[PDB]
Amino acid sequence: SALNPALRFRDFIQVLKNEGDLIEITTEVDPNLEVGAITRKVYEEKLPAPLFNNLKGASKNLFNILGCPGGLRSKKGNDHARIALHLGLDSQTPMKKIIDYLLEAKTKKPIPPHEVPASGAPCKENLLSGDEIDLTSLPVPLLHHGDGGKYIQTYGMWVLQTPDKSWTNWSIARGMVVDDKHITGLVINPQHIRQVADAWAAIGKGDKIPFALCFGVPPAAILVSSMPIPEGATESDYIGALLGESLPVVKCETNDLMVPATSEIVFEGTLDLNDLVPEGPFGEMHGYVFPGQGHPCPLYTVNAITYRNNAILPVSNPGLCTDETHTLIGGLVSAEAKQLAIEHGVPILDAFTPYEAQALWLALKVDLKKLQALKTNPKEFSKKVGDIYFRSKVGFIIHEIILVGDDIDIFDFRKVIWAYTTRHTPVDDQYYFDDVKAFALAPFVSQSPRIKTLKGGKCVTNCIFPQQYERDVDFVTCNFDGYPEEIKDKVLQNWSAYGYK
């Protein structure tokens, strides 16, 4: 069995089918709204991922849709299976050990990618170019009611570079179909616009910055591309470490951008940063579409499309928990949050973004013994923690950091909400930050005047009893698991003898 789910997108789909986690839908499904409704029901009931093989309006090769590639399974012993398969791990690997694996791979010999010819690249099996490109003829889904348009890019990656190739970015920004030959998306953050636009303007290409957009990439590549590290690095060398081998890449037909060789679909074209078009709105990670709330975005012209036979388009349909914006985007913030704590010496056992908080919360599980050795206090520790996370790219999406002690399983929201509500004084145990960069997608930000400042609106909430900063505070948790072991063993042994099923 030469299946490698981390290296090949189709091996990933095959393992899902082998483990009974894939339903191949041959019923005709409408890309308008139906695909979105089906994926939401699969997300929220934690059902097998759908593979739409009979979309309305699809040609023979363009395309099929893989829904819920990062959704959760119902069986808790492997609820994070699809996430683990992105890295080639056992599907029973819990999320805590998936995060620890990502950190242990940062210490590995990075393997750079290698270039393969077009004949050795499955993404080159077909080619559309110029006037034979009609994006409005593709079965692109209208995912949420209220979306400003059909969103082709929800689970692929953009590729952008400077001419000198010193700056290279793999982005996961959303991409909306504008018309027959144009898409749009916010791929270059305002911080990098001058660097990249001036560089291409030097060669008379400032109004046509080459780009590539790839779908169905190796699942390890879409995972790392969704990981919060500096924009301006593919970190494909780190992808190779996770893969244990070199990532095969191939040259675009119309530019010198390198794309994964086993991609399902590859878009090619140029970008005009001065040609602005309305983008969105789009249903997002916090569970909202706000109809009518679009914003100008640079226009991307699509000059070439290369795609595999029987191409498959993975889609993510964001909304309420739990979808990819929580397991993947939130889960990788958790991994970098844990790494950041190790670099600054913060005694953090584990870090996690509870999905019920729509990836707006970052729970930090504090080693209380080491915290007491630091001889600090809630105000001094909360400020330091917030200064580290809210002034880093890792904490950009996070608007509230929760500090809990080492008795709280932060991956279990029943325990998180209990420690949150019972161990922090409202307001008084919240250390506010008014001068940190705010997340524009946060509905309390976008629906407030703070959407025009993008500053503040974040706090570090101490849910550790104040004396626990100095000494152990003894308390017994009043649930079944809180009883002595001999009591729990006796009750479970006699549970049927009592009369319970």
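We number the residues from 1 along the sequence you see.
**Q** State which stretch shows the higher mean Cα B factor in the entry: 465-473 or 37-45.
**A** On average, C-alpha B-factors are higher across 465-473.
**Q** Quick one: say whether 292-300 or 385-393 has the higher mean Cα B-factor in the deposited entry.
**A** The stretch with the larger mean CA B-factor is 292-300.
**Q** Whose CA atom has the top B-factor in the entry, of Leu332, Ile188, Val427, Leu142?
**A** Across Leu332, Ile188, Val427, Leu142, the entry lists the biggest C-alpha B-factor for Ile188.
**Q** Per the coordinate record, which of the options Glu356, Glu380, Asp323, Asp272 holds the highest CA temperature factor?
**A** When the deposited C-alpha B-factors of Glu356, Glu380, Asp323, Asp272 are compared, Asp272 is largest.
**Q** Sort the modelled residues of this chain by their C-alpha B factor and say whether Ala202 lands in the lowest, middle or highest third.
**A** Highest third.
**Q** Is the Cα B-factor recorded for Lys338 in the lowest, middle or highest third of its chain?
**A** As the PDB entry reports it, the C-alpha B-factor of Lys338 lands in the middle third of its chain.
**Q** Is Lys452 in the lowest, middle or highest third of its chain when residues are ranked by C-alpha B-factor?
**A** For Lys452, the deposited C-alpha B-factor lands in the middle third.
**Q** Please say which third, lowest, middle or highest, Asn78 falls into when its CA temperature factor is compared across its chain.
**A** According to the entry, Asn78 has a C-alpha B-factor in the chain's highest third.
**Q** Among the modelled residues of this chain, does the Cα B factor of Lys458 put it in the lowest, middle or highest third?
**A** Its C-alpha B-factor belongs to the lowest third of this chain's values.
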